[PDB]
Amino acid sequence: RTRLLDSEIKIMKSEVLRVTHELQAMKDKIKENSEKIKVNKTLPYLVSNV
Amino acid sequence: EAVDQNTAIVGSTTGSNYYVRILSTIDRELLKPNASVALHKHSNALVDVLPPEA
Amino acid sequence: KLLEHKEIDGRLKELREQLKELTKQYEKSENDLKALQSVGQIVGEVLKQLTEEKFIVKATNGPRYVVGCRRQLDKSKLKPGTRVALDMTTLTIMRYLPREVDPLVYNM
Amino acid sequence: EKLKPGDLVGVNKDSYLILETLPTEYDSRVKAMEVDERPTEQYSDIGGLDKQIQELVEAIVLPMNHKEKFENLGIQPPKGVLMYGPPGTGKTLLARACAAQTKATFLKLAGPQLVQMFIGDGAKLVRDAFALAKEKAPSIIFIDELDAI
Amino acid sequence: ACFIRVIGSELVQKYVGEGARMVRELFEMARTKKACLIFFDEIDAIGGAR
Amino acid sequence: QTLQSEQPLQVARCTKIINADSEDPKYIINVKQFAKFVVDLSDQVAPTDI
Amino acid sequence: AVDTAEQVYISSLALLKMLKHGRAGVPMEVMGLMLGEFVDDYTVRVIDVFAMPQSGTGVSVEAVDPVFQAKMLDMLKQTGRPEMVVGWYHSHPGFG
Ligand SMILES: Nc1ncnc2c1ncn2[C@@H]1O[C@H](COP(=O)(O)OP(=O)(O)OP(O)(O)=S)[C@@H](O)[C@H]1O
Ligand SMILES: [Zn+2]
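Draft legend 1. Layout of the packing of aromatic side chains. When the centroid spacing of 6.0 Å and the interplanar angle of 25° are considered together, the rings of E:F3 and E:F39 count as stacked. Here E:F3 is found in strand β1 (residues 3–7), whereas its partner E:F39 is found in strand β2 (residues 37–41), with 36 residues between them in sequence. Arranged with centres 6.2 Å apart and planes meeting at 25°, the rings of F:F34 and F:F37 form a pair that is stacked.

Draft legend 2. Local environment of the pairing of strand β5 (residues 93–97) of chain C. Of the pairings in the sheet, the one linking strand β4 (residues 83–86) of chain C to β5(C) comprises four bridges and is antiparallel in character. Its bridge partner lying in β5(C), C:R83 is registered against C:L97.

Draft legend 3. Here's a closer look at the sheet that holds strand β1 (residues 42–45) of chain C. Residue and element names in this part refer to chain C. Across the sheet, which stays open at both edges, the three strands sit in the order β1-β4-β5 with antiparallel pairing between neighbours. The open sheet has two free edges, formed respectively by β1 and β5, since each of these has just one partner strand. Sheet twist, expressed as the average angle between the axes of neighbouring strands with direction ignored, equals 30°. With four bridges joining them, β1 and β4 adopt antiparallel strand pairing. In the sheet register, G44 faces β4, and the bridge partner there is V84.

Draft legend 4. Region of the structure containing the sheet that holds strand β2 (residues 32–36) of chain G. All names here are of chain G. Read from one edge of the open sheet, four strands run β1-β3-β2-β4, paired in mixed fashion. In the strand order of this sheet, the two ends are held by β1 (7–9) and β4 (84–89), each with one partner. On average, adjacent strands in this sheet sit at an angle of 40° to one another, irrespective of strand direction. Relative to β4, β2 runs antiparallel, the two being bridged by five bridges. From the neighbouring strand, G36 faces β4, where its bridge partner is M84.

Draft legend 5. Looking closely at the environment of D:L62. Residues and elements named next belong to chain D. Here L62 shows up in helix α2 (residues 50–65). Placed 61 residues apart in sequence, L62 and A123 show a C-alpha to C-alpha distance of 30 Å. Here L62 is in contact with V57, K67 and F70, once residues within four sequence places are set aside.

Draft legend 6. Expanded view of the pairing of strand β3 (residues 43–48) of chain G. Residue and element names in this part refer to chain G. Here β1 runs beside β3; their pairing, made up of three bridges, is parallel. Looking at β3, one finds that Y9 is bridged to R45. Pairing of β2 with β3, which is carried by two bridges, proceeds in the antiparallel orientation. Note on β3: the bridge partner recorded for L35 is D48. Count of turn residues in the β2/β3 antiparallel hairpin: six residues.

Draft legend 7. View of the interface of chain A and chain D. Facing eleven residues of chain A, the contacting portion of chain D comprises 14 residues. Its residues assigned to classes, the side of chain A that touches chain D comprises seven nonpolar, four polar and no charged.

What counts and how
- Each chain has its residues counted from 1 in the order its sequence is written, and this count may differ from the entry's own numbering; any residue lacking coordinates is left out.
- For this description, chains carry letters from A and ligands carry numbers from 1, given in the order in which they are written.
- A larger assembly contains the chains displayed, and the values given here are confined to that displayed part.
- Calculated side-chain values reflect all of the structure's heavy atoms, with hydrogen atoms and water omitted.
- Residues with missing side-chain atoms are left out of burial classes, side-chain pairs and their counts.
- Pairing of aromatic side chains here covers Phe, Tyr and the six-membered ring of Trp, requires ring centres within 6.5 Å, and sorts the geometry by plane angle: under 30 degrees stacked, over 60 edge-to-face, intermediate tilted.
- Each helix corresponds to a stretch of at least 4 residues labelled H or I by DSSP, and each strand to a stretch of at least 2 residues labelled E; elements are numbered beginning at the N terminus.
- The pairing criterion for strands is at least two bridges between them, as found by DSSP.
- Here the axes come from fitting lines to C-alpha atoms, over the contacting stretch only for helices, and the angles between their N-to-C directions go from 0 to 180 degrees.
- Two residues form a contact once any of their heavy atoms are found within 4.5 Å.
- Here the nonpolar group is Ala, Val, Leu, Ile, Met, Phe, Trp, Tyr, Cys and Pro; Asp, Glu, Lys and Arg are the charged ones; every other residue, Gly included, is treated as polar.

Structure below.
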């Protein structure tokens, strides 16, 4: 009756990790792809040779 | 061409021809028909003689 | 009877694996955002060794320059005939490369 | 893996950063040379080129229908069939008879259309042609005036 | 009808792959309309010698 | 006295269009010589015939 | 109103941040801000010049995120002493 409540509070302990890691995914991804939209609105995309 | 002392008329490897002056440093018998020449960018003036192809 | 510890361990597995993998692709794509520091170079070929620290490079559309190394780019490696990567602002040599030209030598 | 020697990639001005390999860039001239018109020149309409019709059909259309018949014997079909001769015997007619009496994705290709001014298009165009005819795997591929390229 | 003189050296322009486009301009004018009349003259200027 | 009224006009360039993406313009374009230009459309266009 | 010769006293940190921020701003013409004090019409001392993040679209005022300012200067609120943003800077790092 004590370890199950410990796992219940550890579910929220992992949900805070879910919140912060989904933040490090999503809020950082908004940074990355807002910068990449800033690279995706240009004059050309200059053709070239690799 | 040099119209007088240290005022050149210089062709480039961008193709066109310019009209600048050269320094007080370079000896006047290094450009005697020509040279592979060293030019600045903003000042765009004659600096040095490159070693010829030989 | 205590399968809520495995409903918490399964929440750990699923939610942490998904958020960690999303933030791992976000780590490598934050590194792709960090590539907005690695912003472009030029490439030319060493035409000669001017001085021990100077080289004449070949802009492939045009003109020829005077460059140096970064600091320790092995000035014996940069023989006339190698291809280098050139800086964008300073225009000097950044990184050596291989390659060479027309495949009529290669296809035979 | 999208990169290789010889890639048109679309690059930013100010960053000079690669963003696309030009993935979906099939032009109007690229898609116009593809054949959806399907001509109808009959074999009986052509006369006298008997053994050349034999070589033509029996060495191109039989790979279209019988690869295993080459595999049951242990041989290999030729790659490359060339027509040449005087400019009145009917050369384009045989490619049109192919387009009529076979249905395995006839592909014309005109010669000086491959002569480009926007430089780098014709090689991409030939690779597009073989990729497109690869999408419809039996590939009837014809080019007239190969000397012009 | 629509009658068109053709100077042969209206195809002979300087730069690479342009008289080809001049033939393109010809066929663009041609397939706009009906019963039109292209008149060549002096096709040695265009040429028949390989 | 009509000069300065026309001075806020724009030197905007004619082009030639390479392709159309699906569901959006996302148009790729070349003018003559520079590069192959990735563009938008303005809002007051007829988005059919671009 | 009336006009009298305006004077820009510079913080030397501003000189350092301009040279460094445009040095890192390699050709791509970065944007940053100026953060200073309203003394009068005819003088200005700038006391702080900090950095603004690189935007690859076009050097604009619409790249100036005001909540970036709010958060950065919020960290700078108890840190030393904040003041008014009194301007901005762009770069042409090769030519004059
Ligand atoms: N067996 C045939 N039966 C009927 N007409 C034929 C036959 N062979 C040739 N022709 C005619 O000859 C012309 C076809 O030859 P071409 O169109 O010249 O083929 P081709 O590819 O153009 O040859 P070249 O070298 O490219 S000019 C048409 O006028 C046909 O009617
Ligand atoms: Zn500037």
